[PDB]
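Please read the structure below before turning to the comments.
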Amino acid sequence: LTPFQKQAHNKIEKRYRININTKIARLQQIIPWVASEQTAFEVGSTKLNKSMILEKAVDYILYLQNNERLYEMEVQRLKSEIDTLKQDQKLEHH
Amino acid sequence: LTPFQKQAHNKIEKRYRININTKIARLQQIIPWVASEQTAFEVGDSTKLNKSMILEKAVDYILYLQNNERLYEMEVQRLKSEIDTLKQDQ
DNA sequence: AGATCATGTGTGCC
DNA sequence: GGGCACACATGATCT
């Protein structure tokens, strides 16, 4: 556990910490609600903190999960409406 | 710089660290690709998910979902136009 | 070795 | 006479 060796942890662990920061920033940058903002932290006029990015990430996913429910509902409504038109048209002469 | 206010600074930092871990765990819990796994870290609540894994997956899963909406949009357009084209018959 | 996560610190902004 | 985020540098553990 010499002087060479503690410099080798503080190389490894610094990387762990900017590795986390960059993943947090990448996540911020695909969320259109917060993508443009500057950050409280070193990635490598309001500053976004790690908590807020992580909170918004969860909300932004609920939003996309919601939208998928709405899309699978929209689809069913439209397929349903196509069905009723095809029936009405098939059975009018009858 | 003193025993009682040392003590307090840590009390604080522990809470900050558990807030970040709980937020990461929530982000995990909403991503069905990873939601039911174990965690490498303490939440304030056989191999364990790590922080960066949850972060990478959250980005993977948001791209997936954004990409699917484009497919959903197309499915909707194809249907709306199939309706257009039945109704112009009357 | 190398990654990871937990613990104390010191710093700087509100 | 305060809390906060964040960075840093260690210690402990696991592959």
Side-chain angles (χ1 to χ4, degrees), chain A residues 1-70, chain B residues 1-70:
Chain A
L1 35 171
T2 90
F4 174 58
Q5 302 198 330
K6 286 174 178 183
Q7 186 163 332
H9 204 46
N10 311 352
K11 288 288 290 301
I12 280 163
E13 184 80 11
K14 202 184 178 179
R15 268 206 315 246
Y16 174 71
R17 297 184 291 88
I18 51 232
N19 184 48
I20 300 308
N21 289 2
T22 46
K23 296 188 189 308
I24 292 168
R26 260 198 291 277
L27 181 44
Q28 162 206 353
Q29 290 180 75
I30 46 156
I31 299 163
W33 302 346
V34 298
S36 25
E37 309 307 282
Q38 272 178 343
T39 48
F41 51 92
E42 192 71 51
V43 57
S45 295
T46 196
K47 304 291 169 156
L48 269 173
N49 84 354
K50 295 165 191 199
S51 263
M52 186 74 267
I53 287 157
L54 294 178
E55 272 165 355
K56 282 284 115 204
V58 167
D59 289 325
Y60 179 65
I61 288 156
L62 282 175
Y63 173 70
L64 296 171
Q65 289 173 349
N66 280 323
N67 288 4
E68 159 185 24
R69 284 179 274 282
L70 302 190
Chain B
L1 320 188
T2 86
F4 87 102
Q5 79 205 70
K6 279 181 203 293
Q7 178 64 193
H9 189 33
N10 309 341
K11 205 176 301 211
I12 278 181
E13 285 313 288
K14 209 186 143 73
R15 264 197 268 95
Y16 168 70
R17 280 146 21 208
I18 68 191
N19 293 328
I20 305 304
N21 295 11
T22 308
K23 285 173 204 282
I24 289 162
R26 280 158 183 186
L27 184 49
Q28 162 196 6
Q29 284 156 34
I30 222 170
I31 299 165
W33 298 351
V34 291
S36 59
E37 303 307 336
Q38 306 287 7
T39 313
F41 56 83
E42 177 174 31
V43 180
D45 195 42
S46 304
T47 323
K48 316 288 196 195
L49 290 178
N50 320 294
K51 291 171 188 169
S52 49
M53 188 56 181
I54 287 161
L55 297 168
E56 287 285 85
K57 292 279 96 224
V59 180
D60 296 330
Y61 180 72
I62 290 157
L63 292 189
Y64 173 70
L65 293 173
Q66 294 162 335
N67 281 347
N68 296 339
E69 290 190 320
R70 298 194 62 234

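Every chain is numbered from 1 and lettered A, B, ... according to where its sequence line falls, protein lines coming before strand lines. Values below: all heavy atoms of this structure, side chains included; hydrogens, waters and symmetry mates excluded.
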Quick one: A/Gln5 CD to D/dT10 P, roughly how many Å, whole number? 12 Å

Quick note, A/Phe41 side chain, CB onward, closest among C/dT4, D/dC6, D/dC4 is D/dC6

Enclosure of A/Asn66 CG (heavy-atom neighbours >12, cutoff 6.0 Å): yes

Taking only the side-chain nitrogens and oxygens of B/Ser52, find out if one of them lies under 4.0 Å from OP1 or OP2 of C/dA3. no

Check: C/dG10 base within 3.5 Å donor-acceptor of B/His9 side chain: yes

Under 4.0 Å, heavy atoms only, any strand: does B/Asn19 hit a base, just the sugar-phosphate, or nothing? nothing

Is there a donor-acceptor contact under 3.5 Å linking the side chains of B/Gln5 and B/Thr2? yes

Take atom NZ of A/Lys14 and atom P of D/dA7, then tell me their distance rounded to the nearest Å. 10 Å

More than 12 heavy atoms of other residues, nucleotides or ligands under 6.0 Å from CE of B/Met53: yes or no? no

State whether B/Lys51 places a side-chain N or O below 4.0 Å from either non-bridging phosphate oxygen (OP1 or OP2) of C/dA6. yes

Would you classify B/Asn50 as touching base, sugar-phosphate or nothing, given that sugar-phosphate means primed atoms plus P, OP1 and OP2, and contacts are heavy atoms under 4.0 Å? sugar-phosphate

N or O in side chain of A/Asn21 less than 4.0 angstrom from D/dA7 OP1/OP2: yes

Without decimals, in angstroms, what is the distance between A/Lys11 NZ and C/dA3 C1'? 16 Å

Mind calculating the distance between CZ (A/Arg15) and P (D/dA7) to the nearest angstrom? 17 Å

What is the distance, rounded to the nearest whole Å, between atom NZ of A/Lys6 and atom P of D/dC8? 18 Å

Between B/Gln28 (side chain) and B/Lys57 (backbone), is there a donor-acceptor pair under 3.5 Å? no

Note down whether C/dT11 puckers north or south, where north is a positive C1'-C2'-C3'-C4' and south a negative one. south

Using a heavy-atom cut-off of 4.0 Å across all strands, would you classify B/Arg17 as base, sugar-phosphate, or nothing? base

Provide, to the nearest angstrom, the distance between the NZ atom belonging to B/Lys48 and the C1' atom belonging to D/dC14. 12 Å

Judged by each residue's nearest nucleotide on DNA chain C, which is more toward the 5′ side, B/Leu49 or B/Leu1? B/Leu49

Between A/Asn67 and B/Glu69, is any side-chain donor less than 3.5 angstrom from a side-chain acceptor? yes

Taking CD1 from A/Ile20 and P from C/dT4, how many angstroms apart are they, rounded to a whole number? 7 Å

Quickly work out the A/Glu42 CD to C/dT11 P distance and round it to whole Å. 18 Å

In terms of side-chain heavy atoms of B/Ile12, which of C/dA6, D/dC4, D/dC6 is nearest? D/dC4

Return yes if the base of D/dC6 and the side-chain atoms of B/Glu13 contain a donor-acceptor N/O pair under 3.5 Å, otherwise no. yes

